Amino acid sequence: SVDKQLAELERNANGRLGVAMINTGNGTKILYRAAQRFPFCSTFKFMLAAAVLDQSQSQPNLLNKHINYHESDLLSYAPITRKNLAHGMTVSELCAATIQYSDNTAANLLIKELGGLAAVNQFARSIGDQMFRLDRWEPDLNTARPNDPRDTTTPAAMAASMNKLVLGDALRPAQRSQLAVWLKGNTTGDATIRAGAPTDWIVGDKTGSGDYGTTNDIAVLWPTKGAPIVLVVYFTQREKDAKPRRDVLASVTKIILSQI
């Protein structure tokens, strides 16, 4: 019956919908096309920041390391790195800007620092995520073409990963806390999962947007009473020039939280 209104909401938006929710309080899950692949767009940046924090566990100085990027690293969507060009930015700051403003230059910088795309994939493999695959740099990874497995994951995989990283034992304590802190300071997420949750709840999320009207959001939610909820929602549409449907992500959140 969740099955139904989601099925319903999907046709209505003439899109494809993947949902994975993990209620950590009772072990319950809601899964919808959750083994299907979906272009992750900026949501991978969550995995990317966790990878940096992993590395930082054997590199005390890595997070304060100052990066002096040139003008040519700048992309269209790089508000924060643009702001700090003259002075540069620390690894930490870059992680923040990539999580909280979805800065694409910050992301590309963080991938170099780590040792390239494959380093991100190896990190995912290391925490038991078999589906996450990063194939292209920013900004080419947002093409989100139908049936293209490049730069995709499954809602289940990403939900499992976010659970491990933010609530479980995949990172060491300080790192794990920092990842949570970055997520809770996100500025891009007002109209998606946040919009579907009660305003007294605590939400930490990473959004992702792309071609084919791709509208994504992965979140951990802290309800006023009880243990936290992991919620991942991926949505994509028929035509390449589709307009985003952030409302759909809010609607899905409402549907899901109504069960619980």
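Here, rigid core means the biggest group of C-alpha atoms that superpose within 1.5 Å across both forms. Just count from 1 along the sequence shown to find any residue number.
With 155 to 163 and 70 to 78 as candidates, the stretch whose CA atoms show the greater average offset from this form in 4 other deposited structures of this protein after a core fit is 70 to 78. The stretch 130 to 138 shows the higher mean C-alpha B-factor when 97 to 105 is compared against 130 to 138 in the entry. 183 to 191 and 151 to 159 differ in mean CA B-factor, and the higher of the two is recorded for 183 to 191.
Looking only at 219, 31, 41, 52, the residue with the top Cα B factor in the deposited structure is 31. As recorded in the PDB entry, 72 shows the highest C-alpha B-factor of the residues 177, 72, 90, 81. In this PDB entry, residue 143 carries a Cα temperature factor that places it within the lowest third of its chain's modelled residues. Looking at the C-alpha B-factors along this chain, the one for residue 227 belongs to the highest third. Ranked by C-alpha B-factor against the other modelled residues of its chain, residue 203 falls in the middle third. In this PDB entry, the Cα temperature factor of residue 242 sits in the top third of its chain's modelled residues, the highest group. Residue-level temperature factors show residue 171 in the middle third of its chain, judged at the C-alpha atom.
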